[PDB]
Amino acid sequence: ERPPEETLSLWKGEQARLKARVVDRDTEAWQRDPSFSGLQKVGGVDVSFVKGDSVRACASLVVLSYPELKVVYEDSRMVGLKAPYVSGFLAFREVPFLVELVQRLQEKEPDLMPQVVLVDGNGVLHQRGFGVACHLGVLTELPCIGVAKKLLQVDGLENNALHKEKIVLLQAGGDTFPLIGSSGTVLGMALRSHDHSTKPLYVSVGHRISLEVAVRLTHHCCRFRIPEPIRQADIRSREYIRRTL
């Protein structure tokens, strides 16, 4: 249920090569705006699978209007995944299919191309600084934000008692604390999504966005704990699985 080490070594080399293309600063005019004026379309992606099958899956791309957060585009399609899940290699399972959804959008409704994509999974908060959100960003050149629902324990980061103390100090929606690697680098932020949630999101740069803008936009997408673009992709892909099977 795990690729051989020689395969993982090839994948690590690919991740290191592609990381040279990540842009971890703002490159879009709306990103530097106090209310994100100019931002109209926010994307979300996720993949759901079946109980008893890690091959058959449903990949979903949704585009939401901003700031209303209403779904203006959905593409949910059944795919056959090839690689198993290995922590640190999520993109090699999901990202070829996500790229195909973006290309299908360009062909079908090019005027609904999202201005930024929230990805279910980390960006630079990653064993090699190149998570699935960076990987989608570099292959599509779209701005991308990584949003993970639990902490990837890399570069000295750990979900220990000290980390849980900082989570307790998050007290209102929008509060954050930085995830500082042993390198002295800020890899991402823990974010309290809303007043009535206590388990934080872990937000990090995917591509063509700064961390502080990525955190603020994620917060603006949080009707519930999971940001609405990811939440809709998650709900619709699982619903799609249920109906057809």
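Residue positions are given as counts along the sequence shown, with the first one as 1. Only the largest set of C-alpha atoms that superpose within 1.5 Å between the two forms is called the rigid core.
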Item checked: RMS CA shift, core-fitted in 7 other deposited structures of this protein, bigger for 4 to 12 or for 235 to 243 -> 4 to 12
Margin query: When the Cα temperature factors in the entry are averaged, is it 55 to 63 or 22 to 30 that ends up higher?
Written below: 55 to 63
Check: Got a sec? Mean C-alpha B-factor, which is higher, 210 to 218 or 43 to 51?
Finding: 43 to 51
Item checked: Given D155, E141, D120, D175, the residue at which the Cα B factor reaches its maximum -> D155
Note to self: Among the choices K149, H126, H135, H163, identify the one whose CA B-factor in the record is greatest.
What the structure shows: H163
Margin query: Per the entry's values, where does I180 land by CA temperature factor relative to the rest of its chain, in the lowest, middle or highest third?
Written below: highest
Notebook entry, point to check: Going by what the PDB entry lists, where does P114 fall on CA B-factor within its chain: lowest, middle or highest third?
Noted result: lowest
Notebook entry, point to check: Looking at the C-alpha B-factor of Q171, is it in the lowest, middle or highest third of its chain?
Noted result: highest
Margin query: Where does the C-alpha B-factor of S76 rank in its chain, lowest, middle or highest third?
Written below: highest
Checklist line | Record-listed C-alpha B factor of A83: chain third | finding: highest
